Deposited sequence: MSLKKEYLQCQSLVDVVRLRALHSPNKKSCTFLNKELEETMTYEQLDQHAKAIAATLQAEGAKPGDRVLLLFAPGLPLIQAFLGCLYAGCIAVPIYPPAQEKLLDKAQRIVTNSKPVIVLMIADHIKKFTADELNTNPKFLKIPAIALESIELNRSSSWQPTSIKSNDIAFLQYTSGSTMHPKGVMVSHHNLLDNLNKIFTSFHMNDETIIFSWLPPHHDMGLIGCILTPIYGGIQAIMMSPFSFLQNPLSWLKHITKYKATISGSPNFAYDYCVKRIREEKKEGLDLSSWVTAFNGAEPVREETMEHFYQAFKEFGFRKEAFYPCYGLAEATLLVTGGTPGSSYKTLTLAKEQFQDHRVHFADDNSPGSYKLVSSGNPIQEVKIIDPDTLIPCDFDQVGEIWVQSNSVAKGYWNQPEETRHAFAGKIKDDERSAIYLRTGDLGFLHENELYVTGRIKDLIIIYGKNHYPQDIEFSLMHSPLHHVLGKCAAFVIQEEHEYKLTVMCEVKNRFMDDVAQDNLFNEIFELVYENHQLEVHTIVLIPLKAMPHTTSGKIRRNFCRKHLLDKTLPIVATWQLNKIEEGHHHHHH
């Protein structure tokens, strides 16, 4: 548990200063690049932060100013994040754009947040420019540690905004969640406590470090709690899922996790023979959150790795979202997570229709107990639902964020939930679910998810990615779309292939390359890939798309790949 002197700090900045004073040589973060290891102690993080803050100050940045960070995974960008905080500037972490000229998302973020400076690694100054989208750019490599002594401390307030975190999927009109210093520490504390962390905790992570779980859970929480973080890049996991498990083994990581898909992805790609040497016994919490959590995924993963020390006990479903900083519900670590079986037909008043383990039934996994206050509320009447009745998940706590940057009206729709009639104020999540036995079961979204993929232009942009990647040389036309399938949504990609007789080796190689490309460009996961003969698609990307959708439902297929199927 955190010592009192750390609990008493009013910002993450003061926490880091204090750990740098009291345990300067304690190792904090380790970043892995292939076989290479780079490490950073509290003393080093603190010194780099000061040097970085000093530079921002010398360049004319004032408290409250936004500073953009091209978040290449690594220690430098972590240093940059703290450096912003040390200067009282609002950090704005973004995924560095996958392709040099595909900058639209970054541009929208730049226009929204209006940063005065952007920080990035030397390799990116090259790729991207000095100015980046009209914003003056500074290479992190150029900030000399000598500058540290010139840092002038600011007077940070609890309610001051520490950083913006842009939601995962509002790409056409990005929402920058405003996370205050008080928000951040409240959620870090709930994470450290709820996950039963201690002095010996070791967190391993490959997750995108610029937002939600990969930032708040896997970097800021360890730094806050005085425990080790060990990390590699998402690209590394995507290219070789096995590395996740090899690193947990070598480092004896105790806590690591991911969205649900990643457990399936290990099952799908890791062959029996390659598992030799794995020892997952140290892994006591394997958290599963950020998307719908599936029993089948976890059962599959458990049987694929139980012979290598993985315990089903370790699986930890959890629920949260950026507007609530991060963690909202979660269970007790080491406990078996619960499931419920629902009948095929549900009730129109959204009450829950349970079934015996009937023949059209389906299972929902619990995302745990409310860590933040959770109320299930009717999104139309604003009247509380009964238990075992689906309504909107409303959240209330000190972790609830301050709004969406520079968006008063959009903020009004999400952050000003009032129950009829009476008094508290709630975040409205957009999410549907029900409480049962004080466990939250998330059931879906208010917004039709097909209609939301369509709004962010995902299928269209994914088709473009495929056509503009080197994968094009072996394909014909392609189509991406979301199909709703027995209580699940699946992102489906289908491609004409030049060689209808490529072997099983080529098939698998191609499936893997397509999954990796779509994650690289969109950090989205394809659930189903369909291969078909050249010319099989009609000579509109729209009528082209709807043909693929309609005839998959009722054609010539060369091969099908399904992420969650063994």
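**Student:** As a test: can you identify every run of the deposited sequence that has no C-alpha position in this structure, in order?
**Tutor:** In the chain as deposited, 1, 131-137, 366, 432-433, 551-552, 568-569, 582-590 carry no coordinates.
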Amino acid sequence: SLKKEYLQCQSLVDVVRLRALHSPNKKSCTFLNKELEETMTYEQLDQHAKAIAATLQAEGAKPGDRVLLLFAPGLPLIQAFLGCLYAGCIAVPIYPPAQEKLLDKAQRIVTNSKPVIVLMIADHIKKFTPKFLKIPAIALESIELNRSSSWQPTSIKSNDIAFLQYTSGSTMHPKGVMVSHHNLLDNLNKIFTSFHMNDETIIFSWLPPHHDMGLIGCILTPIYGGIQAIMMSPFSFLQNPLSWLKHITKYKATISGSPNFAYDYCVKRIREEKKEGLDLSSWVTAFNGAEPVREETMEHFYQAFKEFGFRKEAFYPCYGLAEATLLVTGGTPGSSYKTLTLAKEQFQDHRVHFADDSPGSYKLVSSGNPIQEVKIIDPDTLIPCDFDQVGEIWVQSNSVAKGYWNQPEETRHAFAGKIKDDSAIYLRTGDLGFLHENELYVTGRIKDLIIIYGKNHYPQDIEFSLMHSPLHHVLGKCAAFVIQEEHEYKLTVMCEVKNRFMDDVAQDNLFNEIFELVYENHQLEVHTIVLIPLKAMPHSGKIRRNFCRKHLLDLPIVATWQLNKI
From here on, numbers count along this sequence of modelled residues.
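**Student:** Give the stretch, out of 265-273 and 88-96, with the larger mean C-alpha temperature factor in the deposited entry.
**Tutor:** Per the PDB record, 265-273.
**Student:** Output the stretch having the higher mean C-alpha B factor in the entry; the candidates are 232-240 and 167-175.
**Tutor:** The stretch with the larger average C-alpha B-factor is 167-175.
**Student:** Choose from 411, 288, 256, 469 the residue with the greatest Cα B-factor as stated in the PDB record.
**Tutor:** Going by the entry's C-alpha B-factors, 469 comes out highest.
**Student:** Reading the B-factor column of the entry, which of 379, 225, 292, 360 has the highest value at its C-alpha atom?
**Tutor:** The C-alpha B-factor peaks, among 379, 225, 292, 360, at 360.
**Student:** Splitting the chain's C-alpha B-factors into thirds, which one does residue 546 fall into?
**Tutor:** Highest third - that is where residue 546 ends up once the chain's C-alpha B-factors are sorted.
**Student:** Based on the deposited C-alpha B factors for this chain, I'd like to know if residue 101 is in the lowest, middle or highest third.
**Tutor:** For residue 101, whose C-alpha B-factor we compare with every modelled residue in the chain, the answer is the highest third.
**Student:** Among the modelled residues of its chain, does the C-alpha B-factor of residue 333 lie in the lowest, middle or highest third?
**Tutor:** Middle third - that is where residue 333 ends up once the chain's C-alpha B-factors are sorted.
**Student:** So where's residue 27 on the chain's Cα temperature factor ranking, which third?
**Tutor:** According to the entry, residue 27 has a C-alpha B-factor in the chain's lowest third.
**Student:** Based on the entry's values, in what third of the chain does the Cα temperature factor of residue 498 lie: lowest, middle or highest?
**Tutor:** Highest third.
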